[PDB]
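Novice: Next comes start_27.csv, CSV, C-alpha atoms:
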```csv
chain,number,residue,atom,x,y,z
Z,1,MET,CA,41.4,59.6,138.2
Z,2,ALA,CA,43.6,58.8,135.1
Z,3,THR,CA,47.3,58.9,136.0
Z,4,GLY,CA,48.8,57.8,132.7
Z,5,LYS,CA,49.4,59.4,129.2
Z,6,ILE,CA,50.0,57.9,125.8
Z,7,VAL,CA,53.5,58.6,124.5
Z,8,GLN,CA,53.6,56.4,121.3
Z,9,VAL,CA,51.2,54.7,118.9
Z,10,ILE,CA,52.6,52.3,116.3
Z,11,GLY,CA,49.9,50.2,114.8
Z,12,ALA,CA,48.4,48.0,117.5
Z,13,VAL,CA,51.2,48.7,120.0
Z,14,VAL,CA,50.7,51.6,122.4
Z,15,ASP,CA,53.2,53.0,125.0
Z,16,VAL,CA,51.9,54.7,128.1
Z,17,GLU,CA,53.9,56.4,130.8
Z,18,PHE,CA,52.9,56.6,134.4
Z,19,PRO,CA,54.4,58.3,137.4
Z,20,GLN,CA,56.9,55.9,138.8
Z,21,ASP,CA,54.9,55.3,142.0
Z,22,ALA,CA,52.1,53.7,140.1
Z,23,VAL,CA,53.3,51.8,137.2
Z,24,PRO,CA,50.9,49.0,136.2
Z,25,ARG,CA,52.0,45.4,136.7
Z,26,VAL,CA,52.3,43.1,133.7
Z,27,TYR,CA,49.0,41.8,132.2
Z,28,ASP,CA,47.2,44.6,134.0
Z,29,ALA,CA,44.4,46.3,132.0
Z,30,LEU,CA,44.3,50.0,131.1
Z,31,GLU,CA,41.5,52.0,129.7
Z,32,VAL,CA,41.4,55.0,127.4
Z,33,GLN,CA,38.6,57.0,125.6
Z,34,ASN,CA,39.2,56.4,121.9
Z,35,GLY,CA,36.9,59.2,120.8
Z,36,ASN,CA,33.3,58.4,121.5
Z,37,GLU,CA,34.3,54.9,122.6
Z,38,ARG,CA,36.2,52.9,125.2
Z,39,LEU,CA,39.4,50.9,124.5
Z,40,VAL,CA,41.2,48.6,126.9
Z,41,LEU,CA,44.9,47.9,126.7
Z,42,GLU,CA,46.8,45.0,128.2
Z,43,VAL,CA,50.2,45.6,129.6
Z,44,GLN,CA,52.9,43.4,128.1
Z,45,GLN,CA,56.2,44.8,129.3
Z,46,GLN,CA,57.4,47.3,131.9
Z,47,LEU,CA,60.3,48.9,130.0
Z,48,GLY,CA,62.2,51.8,131.4
Z,49,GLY,CA,61.2,54.4,133.8
Z,50,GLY,CA,57.5,54.7,134.2
Z,51,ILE,CA,56.8,53.6,130.6
Z,52,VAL,CA,54.9,50.5,129.8
Z,53,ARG,CA,54.3,48.8,126.4
Z,54,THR,CA,50.8,47.5,125.7
Z,55,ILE,CA,48.6,45.8,123.1
Z,56,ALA,CA,45.4,47.4,122.2
Z,57,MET,CA,42.3,45.2,122.5
Z,58,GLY,CA,40.5,47.0,119.6
Z,59,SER,CA,41.2,49.2,116.6
Z,60,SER,CA,44.0,51.6,117.3
Z,61,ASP,CA,42.9,54.3,114.9
Z,62,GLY,CA,41.9,57.6,116.3
Z,63,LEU,CA,44.4,57.4,119.2
Z,64,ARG,CA,46.4,60.6,119.8
Z,65,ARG,CA,49.5,61.0,121.9
Z,66,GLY,CA,48.8,62.5,125.2
Z,67,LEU,CA,45.4,61.1,125.9
Z,68,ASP,CA,44.7,60.3,129.5
Z,69,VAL,CA,44.9,56.6,130.3
Z,70,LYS,CA,43.5,55.0,133.5
Z,71,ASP,CA,44.8,51.7,134.9
Z,72,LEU,CA,42.3,49.2,136.2
Z,73,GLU,CA,44.4,47.6,138.8
Z,74,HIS,CA,43.6,44.0,137.8
Z,75,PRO,CA,44.0,41.8,134.7
Z,76,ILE,CA,41.3,41.5,132.1
Z,77,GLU,CA,38.5,39.7,134.0
Z,78,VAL,CA,35.3,38.3,132.5
Z,79,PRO,CA,31.9,37.2,133.7
Z,80,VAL,CA,31.5,33.6,134.7
Z,81,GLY,CA,28.8,31.2,136.0
Z,82,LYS,CA,25.4,30.1,134.8
Z,83,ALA,CA,24.7,33.6,133.5
Z,84,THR,CA,26.9,33.1,130.5
Z,85,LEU,CA,25.1,30.0,129.0
Z,86,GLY,CA,23.5,30.8,125.7
Z,87,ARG,CA,25.4,34.1,125.2
Z,88,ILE,CA,28.1,35.1,122.8
Z,89,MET,CA,31.0,37.2,124.2
Z,90,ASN,CA,34.2,38.8,122.9
Z,91,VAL,CA,37.5,38.4,124.6
Z,92,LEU,CA,36.6,41.1,127.2
Z,93,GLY,CA,33.4,39.3,128.2
Z,94,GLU,CA,31.1,41.8,126.5
Z,95,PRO,CA,28.0,40.5,124.7
Z,96,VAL,CA,28.1,40.6,120.9
Z,97,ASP,CA,24.6,39.2,120.4
Z,98,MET,CA,22.5,42.3,121.3
Z,99,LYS,CA,20.6,40.5,124.0
Z,100,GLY,CA,21.8,43.0,126.6
Z,101,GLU,CA,23.8,42.8,129.7
Z,102,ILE,CA,25.0,39.4,130.9
Z,103,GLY,CA,23.6,39.4,134.4
Z,104,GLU,CA,26.7,37.8,136.0
Z,105,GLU,CA,27.3,37.6,139.7
Z,106,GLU,CA,31.0,37.0,139.6
Z,107,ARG,CA,34.0,37.9,137.5
Y,1,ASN,CA,88.4,76.6,141.6
Y,2,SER,CA,89.2,73.1,140.5
Y,3,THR,CA,89.1,71.6,144.0
Y,4,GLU,CA,86.6,73.8,145.8
Y,5,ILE,CA,84.3,72.9,142.9
Y,6,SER,CA,84.5,69.2,143.7
Y,7,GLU,CA,84.0,70.0,147.4
Y,8,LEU,CA,80.9,72.0,146.6
Y,9,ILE,CA,79.6,69.1,144.5
Y,10,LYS,CA,80.1,66.6,147.3
Y,11,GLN,CA,78.5,69.0,149.8
Y,12,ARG,CA,75.5,69.8,147.7
Y,13,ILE,CA,75.0,66.1,146.9
Y,14,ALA,CA,75.0,65.2,150.6
Y,15,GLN,CA,72.6,68.1,151.1
Y,16,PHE,CA,70.0,67.0,148.5
Y,17,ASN,CA,70.8,63.4,149.6
Y,18,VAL,CA,71.2,61.7,146.3
Y,19,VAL,CA,72.6,58.3,147.4
Y,20,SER,CA,74.0,55.1,146.0
Y,21,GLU,CA,72.9,51.6,146.7
Y,22,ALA,CA,74.4,49.2,149.1
Y,23,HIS,CA,76.8,46.9,147.3
Y,24,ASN,CA,74.7,43.8,148.0
Y,25,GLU,CA,71.4,45.3,146.9
Y,26,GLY,CA,69.5,46.8,143.9
Y,27,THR,CA,66.2,47.7,142.4
Y,28,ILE,CA,64.3,46.3,139.5
Y,29,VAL,CA,64.1,48.7,136.6
Y,30,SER,CA,62.4,46.6,134.0
Y,31,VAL,CA,60.3,43.5,133.6
Y,32,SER,CA,59.6,41.5,130.5
Y,33,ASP,CA,58.6,38.1,129.2
Y,34,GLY,CA,60.4,36.4,132.1
Y,35,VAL,CA,63.5,38.5,132.5
Y,36,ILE,CA,64.2,41.4,134.7
Y,37,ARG,CA,66.9,44.1,134.6
Y,38,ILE,CA,68.3,45.1,138.0
Y,39,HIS,CA,70.2,48.4,138.8
Y,40,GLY,CA,72.8,48.2,141.5
Y,41,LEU,CA,74.1,44.9,142.9
Y,42,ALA,CA,77.7,46.2,142.4
Y,43,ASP,CA,78.8,42.9,144.0
Y,44,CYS,CA,76.6,40.4,142.1
Y,45,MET,CA,78.7,37.7,140.6
Y,46,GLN,CA,77.9,35.8,137.4
Y,47,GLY,CA,75.6,32.9,138.1
Y,48,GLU,CA,74.6,34.1,141.6
Y,49,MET,CA,71.2,33.6,143.2
Y,50,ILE,CA,69.3,36.9,143.7
Y,51,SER,CA,66.4,36.8,146.1
Y,52,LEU,CA,63.2,38.6,145.1
Y,53,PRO,CA,60.3,39.7,147.3
Y,54,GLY,CA,58.0,36.8,147.9
Y,55,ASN,CA,60.7,34.2,148.5
Y,56,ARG,CA,61.7,33.7,144.9
Y,57,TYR,CA,65.1,33.6,143.1
Y,58,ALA,CA,66.5,35.0,139.9
Y,59,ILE,CA,69.8,33.9,138.4
Y,60,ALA,CA,72.3,36.6,137.3
Y,61,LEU,CA,73.4,35.9,133.7
Y,62,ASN,CA,74.3,39.3,132.2
X,1,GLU,CA,82.0,57.8,123.1
X,2,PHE,CA,79.8,60.9,122.7
X,3,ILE,CA,81.8,62.8,120.1
X,4,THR,CA,79.1,62.5,117.5
X,5,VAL,CA,76.0,63.2,119.7
X,6,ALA,CA,77.7,66.2,121.3
X,7,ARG,CA,78.0,68.2,118.1
X,8,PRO,CA,74.4,69.5,117.9
X,9,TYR,CA,74.4,70.6,121.6
X,10,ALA,CA,77.8,72.2,121.3
X,11,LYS,CA,76.8,74.2,118.3
X,12,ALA,CA,73.4,75.2,119.7
X,13,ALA,CA,74.9,76.4,123.0
X,14,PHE,CA,77.6,78.3,121.3
X,15,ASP,CA,75.2,80.1,118.9
X,16,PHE,CA,73.0,81.0,121.8
X,17,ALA,CA,75.9,82.3,123.9
X,18,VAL,CA,77.2,84.3,120.9
X,19,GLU,CA,74.0,86.1,120.4
X,20,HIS,CA,73.8,87.1,124.0
X,21,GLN,CA,77.5,88.0,124.4
X,22,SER,CA,77.9,85.6,127.4
X,23,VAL,CA,80.3,83.1,125.8
X,24,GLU,CA,82.6,83.5,128.8
X,25,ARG,CA,79.7,82.7,131.2
X,26,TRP,CA,78.5,79.8,129.2
X,27,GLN,CA,81.9,78.2,129.2
X,28,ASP,CA,82.0,78.4,133.0
X,29,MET,CA,78.4,77.0,133.2
X,30,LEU,CA,79.3,74.1,131.0
X,31,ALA,CA,82.5,73.4,132.9
X,32,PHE,CA,80.6,73.1,136.2
X,33,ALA,CA,77.8,71.0,134.6
X,34,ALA,CA,80.5,68.7,133.3
X,35,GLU,CA,82.1,68.5,136.7
X,36,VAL,CA,78.9,67.4,138.4
X,37,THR,CA,78.7,64.5,135.9
X,38,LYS,CA,82.0,63.1,137.1
X,39,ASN,CA,80.8,62.8,140.7
X,40,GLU,CA,80.7,59.3,142.2
X,41,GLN,CA,77.2,59.6,143.5
X,42,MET,CA,75.7,61.4,140.5
X,43,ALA,CA,77.3,59.1,137.9
X,44,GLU,CA,75.3,56.4,139.6
X,45,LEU,CA,72.1,58.2,139.4
X,46,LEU,CA,72.5,59.1,135.7
X,47,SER,CA,72.8,55.4,134.9
X,48,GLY,CA,69.5,54.5,136.6
X,49,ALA,CA,66.2,54.3,134.8
X,50,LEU,CA,64.7,57.5,136.2
X,51,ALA,CA,62.3,59.4,134.2
X,52,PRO,CA,63.9,62.3,132.3
X,53,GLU,CA,62.2,65.2,134.1
X,54,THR,CA,62.9,63.7,137.5
X,55,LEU,CA,66.5,63.1,136.6
X,56,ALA,CA,66.8,66.7,135.3
X,57,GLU,CA,65.1,68.2,138.4
X,58,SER,CA,67.4,66.2,140.7
X,59,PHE,CA,70.4,67.2,138.6
X,60,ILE,CA,69.4,70.9,138.4
X,61,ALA,CA,69.2,71.0,142.2
X,62,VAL,CA,72.9,70.2,142.5
X,63,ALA,CA,73.8,73.3,140.5
X,64,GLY,CA,73.0,76.9,141.6
X,65,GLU,CA,75.8,78.0,139.3
X,66,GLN,CA,73.6,77.9,136.2
X,67,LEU,CA,71.8,81.0,134.9
X,68,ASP,CA,68.3,80.0,135.8
X,69,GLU,CA,66.6,80.1,132.5
X,70,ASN,CA,68.9,79.0,129.7
X,71,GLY,CA,71.7,77.1,131.4
X,72,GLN,CA,69.0,74.9,133.0
X,73,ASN,CA,67.1,74.6,129.8
X,74,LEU,CA,70.1,73.0,128.2
X,75,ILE,CA,70.2,70.4,130.9
X,76,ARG,CA,66.5,69.7,130.5
X,77,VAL,CA,66.8,69.2,126.8
X,78,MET,CA,69.7,66.9,127.2
X,79,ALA,CA,68.0,65.0,129.9
X,80,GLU,CA,65.0,64.4,127.7
X,81,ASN,CA,67.1,62.5,125.2
X,82,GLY,CA,69.2,60.7,127.8
X,83,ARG,CA,72.5,62.4,127.0
X,84,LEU,CA,73.6,64.1,130.2
X,85,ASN,CA,76.8,62.0,130.1
X,86,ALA,CA,77.7,63.9,126.9
X,87,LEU,CA,78.4,67.1,128.9
X,88,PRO,CA,82.2,66.5,129.2
X,89,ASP,CA,82.3,66.5,125.4
X,90,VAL,CA,79.8,69.3,124.8
X,91,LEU,CA,82.4,71.3,126.8
X,92,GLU,CA,85.3,70.4,124.7
X,93,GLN,CA,83.5,71.1,121.4
X,94,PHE,CA,82.3,74.3,122.8
X,95,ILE,CA,85.9,75.3,123.6
X,96,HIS,CA,86.8,74.3,120.0
X,97,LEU,CA,84.1,76.3,118.4
X,98,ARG,CA,85.1,79.3,120.5
X,99,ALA,CA,88.7,78.9,119.5
X,100,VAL,CA,87.6,78.9,115.9
X,101,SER,CA,85.4,81.9,116.2
X,102,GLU,CA,88.1,83.9,118.1
X,103,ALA,CA,90.7,82.7,115.6
X,104,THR,CA,93.0,81.3,118.3
X,105,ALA,CA,95.3,78.2,118.2
X,106,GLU,CA,97.3,76.2,120.7
X,107,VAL,CA,100.3,74.5,119.3
X,108,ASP,CA,102.5,72.1,121.3
X,109,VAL,CA,106.3,72.3,120.8
X,110,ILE,CA,108.1,69.1,121.9
X,111,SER,CA,111.9,69.4,122.4
X,112,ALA,CA,114.8,67.5,123.8
X,113,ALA,CA,115.6,70.5,126.0
X,114,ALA,CA,114.0,73.8,126.8
X,115,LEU,CA,114.3,76.5,124.2
X,116,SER,CA,115.9,79.9,124.6
X,117,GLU,CA,112.7,82.0,124.8
X,118,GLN,CA,114.1,83.8,121.8
X,119,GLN,CA,113.6,80.6,119.7
X,120,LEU,CA,110.0,80.4,121.0
X,121,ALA,CA,109.3,83.9,119.8
X,122,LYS,CA,110.4,83.0,116.3
X,123,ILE,CA,108.4,79.7,116.3
X,124,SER,CA,105.2,81.5,117.4
X,125,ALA,CA,105.7,84.3,114.9
X,126,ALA,CA,106.2,81.8,112.1
X,127,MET,CA,103.2,79.7,113.0
X,128,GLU,CA,101.0,82.8,113.2
X,129,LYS,CA,101.8,82.9,109.4
X,130,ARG,CA,101.2,79.2,109.0
X,131,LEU,CA,97.8,79.8,110.6
X,132,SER,CA,95.4,82.8,110.6
X,133,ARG,CA,95.1,82.3,114.4
X,134,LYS,CA,96.8,83.8,117.4
X,135,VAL,CA,99.0,81.0,118.8
X,136,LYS,CA,99.6,79.9,122.4
X,137,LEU,CA,102.6,77.7,122.8
X,138,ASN,CA,102.9,74.9,125.4
X,139,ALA,CA,106.4,73.5,125.0
X,140,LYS,CA,107.4,70.2,126.5
X,141,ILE,CA,110.6,68.1,127.0
X,142,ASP,CA,111.0,64.6,125.7
X,143,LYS,CA,114.1,62.4,125.7
X,144,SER,CA,113.1,60.1,122.8
X,145,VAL,CA,113.8,62.8,120.3
X,146,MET,CA,117.3,63.9,120.9
X,147,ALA,CA,117.7,67.0,118.7
X,148,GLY,CA,115.4,69.2,116.7
X,149,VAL,CA,111.9,70.0,117.6
X,150,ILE,CA,108.4,68.7,117.0
X,151,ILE,CA,105.7,71.2,116.3
X,152,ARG,CA,102.1,69.8,116.7
X,153,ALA,CA,99.3,72.2,115.8
X,154,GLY,CA,95.9,70.4,116.0
X,155,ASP,CA,96.3,67.3,113.9
X,156,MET,CA,99.1,68.8,111.7
X,157,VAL,CA,102.6,68.2,112.8
X,158,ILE,CA,105.9,69.6,111.5
X,159,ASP,CA,108.6,67.2,112.4
X,160,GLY,CA,112.2,68.3,112.6
X,161,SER,CA,113.4,65.9,115.3
X,162,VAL,CA,116.6,64.0,114.6
X,163,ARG,CA,114.8,60.9,115.8
X,164,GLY,CA,112.4,61.2,113.0
X,165,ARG,CA,115.2,61.8,110.6
X,166,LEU,CA,117.0,58.6,111.6
X,167,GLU,CA,114.0,56.4,111.4
X,168,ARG,CA,113.0,58.0,108.1
X,169,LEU,CA,116.5,57.3,106.7
X,170,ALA,CA,116.5,53.7,107.9
X,171,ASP,CA,113.5,53.0,105.6
X,172,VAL,CA,115.2,54.5,102.5
X,173,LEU,CA,117.6,51.6,102.7
```
Once you've parsed the file, please lay out its structure as structure tokens.

Specialist:
Amino acid sequence: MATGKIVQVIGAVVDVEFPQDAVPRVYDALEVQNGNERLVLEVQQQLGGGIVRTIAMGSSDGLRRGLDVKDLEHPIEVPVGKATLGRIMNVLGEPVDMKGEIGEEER
Amino acid sequence: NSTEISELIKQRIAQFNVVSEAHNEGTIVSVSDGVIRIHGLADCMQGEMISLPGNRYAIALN
Amino acid sequence: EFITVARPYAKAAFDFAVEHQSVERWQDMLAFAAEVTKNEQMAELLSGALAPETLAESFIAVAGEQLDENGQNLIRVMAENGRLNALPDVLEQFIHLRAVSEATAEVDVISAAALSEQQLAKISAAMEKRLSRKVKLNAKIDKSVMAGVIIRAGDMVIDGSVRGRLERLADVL
């Protein structure tokens, strides 16, 4: 399920409000469907009641207010080990070299 | 009605059990960049040591 | 101080109450809502960082004296913006807008000693010509003045106290 909703978008800074039982922690990763695409947000500050200020790890365009946001209950976490040798990856550990999935055991 | 009003307020507040902190206690309402805002602690004193969950301390400055 | 942020809510509530003829019910509703804001246990809650809709719904519960649709809707709108503490001022500006619309005034008369109840009639009659409004006196007794009378009507005063005369003469010299 997706417990949060976007309440502001100002450039790259997105505010999301959750029910006060389930506010993400700091540096947690959220996830939202930016149209026909996926966008992850990193929580920077827990400010006020249920609301959380985040940085978008991608282009912010196309974001509406009110979209459903889902919190991955863990920080951004990337593949590691021998599987990554010879690959190119972005900050999120996704391959940007078109050679397909990484094949990692552990994150 | 001036006084029975206040009595009805106190009664209905006890009914719906909205309640105030203990004086030596409070709840975190914000977290940011290394600072927290706490709500309550009516008897916190400037410079005191506040004990967090996980056996850690915060220093009351504001 | 909430004098400036209260103005919109006061005007909106008064317009609404006027359309539906219930001005006298709205004033009671606002009086009670302002009274629940002064409570020791609630004024603690209002300061917390609760979400607006939760604060409203926990505030609405403490008042069954509110006409369920509109009187509660005002609370909800105010809670959205975080202004529930402005109620004790929305009330006073509602009373003022009412007094304006019903062309009524309330003038204080400060005297060294009570007046003859025939003097008061003349003062009130004269003020009702000074003002378009129907006046309501609330005389008082003060020993600093020692003769004459102070008439204070809103923020306009007419000073005929001997005290004022003395301290206005002293400056002529």

Novice: How many Å separate CA of residue 136 (chain X) from CA of residue 148 (chain X)?

Specialist: 19.9 Å

Novice: Rounded to one decimal place, report the CA of residue 111 (chain X)-CA of residue 129 (chain X) distance in Å.

Specialist: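 Pair CA of residue 111 (chain X) / CA of residue 129 (chain X) returns 21.3 Å.
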
Novice: Rounded to one decimal, what separation in Å do you get between CA of residue 45 (chain X) and CA of residue 77 (chain X)?

Specialist: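 Going from CA of residue 45 (chain X) over to CA of residue 77 (chain X), I get 17.5 Å.
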
Novice: Counting only C-alpha atoms, which residues of chain Z fall within 6 Å of chain Y, and what is the closest atom pair for each with its distance in Å at one decimal, ordered by chain and rising number, as a Markdown table?

Specialist:
```
| residue | atom | partner | partner_atom | distance |
| --- | --- | --- | --- | --- |
| Z:45 | CA | Y:32 | CA | 4.9 |
| Z:46 | CA | Y:31 | CA | 5.1 |
| Z:47 | CA | Y:30 | CA | 5.1 |
| Z:48 | CA | Y:30 | CA | 5.8 |
```

Novice: Tell me as a list in words which residues belonging to chain X come within 7 Å of chain Y, counting all atoms listed in the file.

Specialist: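 Filtering chain X at 7 Å from chain Y with all atoms listed in the file gives residues 36, 41, 44, 48, 49 and 62 of chain X.
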
Novice: Return the neighbours of chain X among the residues of chain Z, cut-off 12 Å, counting only C-alpha atoms, as a list in words.

Specialist: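 The answer, sorted by residue number, is residues 17, 18, 19, 20, 21, 46, 47, 48, 49, 50 and 51 of chain Z.
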
Novice: Could the residues in this selection be written to a file with C-alpha atoms, as a CSV table (one decimal), keeping the file's coordinate frame?

Specialist:
```csv
chain,number,residue,atom,x,y,z
Z,17,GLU,CA,53.9,56.4,130.8
Z,18,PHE,CA,52.9,56.6,134.4
Z,19,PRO,CA,54.4,58.3,137.4
Z,20,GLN,CA,56.9,55.9,138.8
Z,21,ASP,CA,54.9,55.3,142.0
Z,46,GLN,CA,57.4,47.3,131.9
Z,47,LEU,CA,60.3,48.9,130.0
Z,48,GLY,CA,62.2,51.8,131.4
Z,49,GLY,CA,61.2,54.4,133.8
Z,50,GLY,CA,57.5,54.7,134.2
Z,51,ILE,CA,56.8,53.6,130.6
```

Novice: Residues at most 10 Å from residue 85 (chain Z), counting only C-alpha atoms, excluding those fewer than 4 positions away in the same chain, as a list in words?

Specialist: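 The filter keeps residues 80, 81 and 102 of chain Z.
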
Novice: Can you tell me which residues surround residue 93 (chain X) at a distance of at most 10 Å, considering all atoms listed in the file, apart from same-chain residues fewer than 5 positions away, and format the answer as a list in words?

Specialist: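 Near neighbours after the sequence-gap exclusion: residues 3, 6, 7, 8, 9, 10, 11, 14, 87, 88, 98 and 99 of chain X.
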
Novice: Would you kindly return, as a PyMOL selection string, each protein, DNA or RNA residue with an atom no farther than 12 Å from any atom of residue 78 (chain X), considering only C-alpha atoms and excluding same-chain residues fewer than 5 positions away?

Specialist: chain X and resi 5-6+8-10+12-13+33+46+52-53+55-56+59-60+71-73+83-87+90

Novice: May I have the residues from that selection written out with C-alpha atoms, as an mmCIF file, in the frame of the given file?

Specialist:
```cif
data_model
loop_
_atom_site.group_PDB
_atom_site.id
_atom_site.type_symbol
_atom_site.label_atom_id
_atom_site.label_comp_id
_atom_site.auth_asym_id
_atom_site.auth_seq_id
_atom_site.Cartn_x
_atom_site.Cartn_y
_atom_site.Cartn_z
ATOM 1 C CA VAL X 5 76.000 63.200 119.700
ATOM 2 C CA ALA X 6 77.700 66.200 121.300
ATOM 3 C CA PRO X 8 74.400 69.500 117.900
ATOM 4 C CA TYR X 9 74.400 70.600 121.600
ATOM 5 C CA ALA X 10 77.800 72.200 121.300
ATOM 6 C CA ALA X 12 73.400 75.200 119.700
ATOM 7 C CA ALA X 13 74.900 76.400 123.000
ATOM 8 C CA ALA X 33 77.800 71.000 134.600
ATOM 9 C CA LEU X 46 72.500 59.100 135.700
ATOM 10 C CA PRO X 52 63.900 62.300 132.300
ATOM 11 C CA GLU X 53 62.200 65.200 134.100
ATOM 12 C CA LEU X 55 66.500 63.100 136.600
ATOM 13 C CA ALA X 56 66.800 66.700 135.300
ATOM 14 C CA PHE X 59 70.400 67.200 138.600
ATOM 15 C CA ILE X 60 69.400 70.900 138.400
ATOM 16 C CA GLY X 71 71.700 77.100 131.400
ATOM 17 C CA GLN X 72 69.000 74.900 133.000
ATOM 18 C CA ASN X 73 67.100 74.600 129.800
ATOM 19 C CA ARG X 83 72.500 62.400 127.000
ATOM 20 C CA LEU X 84 73.600 64.100 130.200
ATOM 21 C CA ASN X 85 76.800 62.000 130.100
ATOM 22 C CA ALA X 86 77.700 63.900 126.900
ATOM 23 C CA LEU X 87 78.400 67.100 128.900
ATOM 24 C CA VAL X 90 79.800 69.300 124.800
#
```

Novice: Which neighbours of residue 16 (chain Z) fall inside 7 Å, counting all atoms listed in the file, when residues of the same chain fewer than 3 positions from it are skipped, and could you give them as an mmCIF file with C-alpha atoms, in the coordinates of the input?

Specialist:
```
data_model
loop_
_atom_site.group_PDB
_atom_site.id
_atom_site.type_symbol
_atom_site.label_atom_id
_atom_site.label_comp_id
_atom_site.auth_asym_id
_atom_site.auth_seq_id
_atom_site.Cartn_x
_atom_site.Cartn_y
_atom_site.Cartn_z
ATOM 1 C CA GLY Z 4 48.800 57.800 132.700
ATOM 2 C CA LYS Z 5 49.400 59.400 129.200
ATOM 3 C CA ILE Z 6 50.000 57.900 125.800
ATOM 4 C CA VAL Z 7 53.500 58.600 124.500
ATOM 5 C CA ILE Z 51 56.800 53.600 130.600
ATOM 6 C CA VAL Z 52 54.900 50.500 129.800
ATOM 7 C CA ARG Z 53 54.300 48.800 126.400
#
```

Novice: Find the residues around residue 70 (chain X) up to 12 Å (all atoms listed in the file counted), leave out those fewer than 4 positions away in its own chain, and share them as a ChimeraX atom specification.

Specialist: /X:12-13,16-17,20,22,25-26,29-30,60,65-66,74-77

Novice: My structure is short of atoms at region 95-107 of chain X; please model N, CA, C and O atoms there, returning them as a compact mmCIF listing (two decimals), keeping the file's coordinate frame.

Specialist:
```txt
# COMPACT_ATOMS: atom_id res chain seq x y z
N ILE X 95 84.57 74.61 123.53
CA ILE X 95 85.90 75.30 123.60
C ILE X 95 86.45 75.35 122.16
O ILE X 95 87.05 76.35 121.77
N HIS X 96 86.29 74.28 121.38
CA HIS X 96 86.80 74.30 120.00
C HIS X 96 86.13 75.30 119.15
O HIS X 96 86.77 76.05 118.41
N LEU X 97 84.80 75.32 119.19
CA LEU X 97 84.10 76.30 118.40
C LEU X 97 84.45 77.71 118.79
O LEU X 97 84.58 78.59 117.93
N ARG X 98 84.65 77.95 120.08
CA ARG X 98 85.10 79.30 120.50
C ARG X 98 86.45 79.60 119.92
O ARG X 98 86.64 80.66 119.32
N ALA X 99 87.41 78.68 120.06
CA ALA X 99 88.70 78.90 119.50
C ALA X 99 88.69 79.22 118.04
O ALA X 99 89.47 80.04 117.54
N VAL X 100 87.79 78.56 117.32
CA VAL X 100 87.60 78.90 115.90
C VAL X 100 87.12 80.28 115.71
O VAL X 100 87.66 81.05 114.92
N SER X 101 86.06 80.64 116.44
CA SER X 101 85.40 81.90 116.20
C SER X 101 86.37 83.07 116.62
O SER X 101 86.40 84.12 115.96
N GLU X 102 87.14 82.89 117.69
CA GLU X 102 88.10 83.90 118.10
C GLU X 102 89.47 83.67 117.43
O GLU X 102 90.47 84.22 117.90
N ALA X 103 89.52 82.87 116.36
CA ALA X 103 90.70 82.70 115.60
C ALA X 103 91.95 82.50 116.48
O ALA X 103 92.91 83.26 116.36
N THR X 104 91.91 81.53 117.38
CA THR X 104 93.00 81.30 118.30
C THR X 104 93.44 79.81 118.10
O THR X 104 92.63 78.95 117.74
N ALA X 105 94.72 79.54 118.35
CA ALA X 105 95.30 78.20 118.20
C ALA X 105 96.20 77.93 119.37
O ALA X 105 96.72 78.84 120.01
N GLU X 106 96.43 76.65 119.63
CA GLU X 106 97.30 76.20 120.70
C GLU X 106 98.14 75.08 120.24
O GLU X 106 97.67 73.94 120.11
N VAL X 107 99.40 75.38 119.96
CA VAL X 107 100.30 74.50 119.30
C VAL X 107 101.33 73.96 120.34
O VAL X 107 101.92 74.76 121.07
```
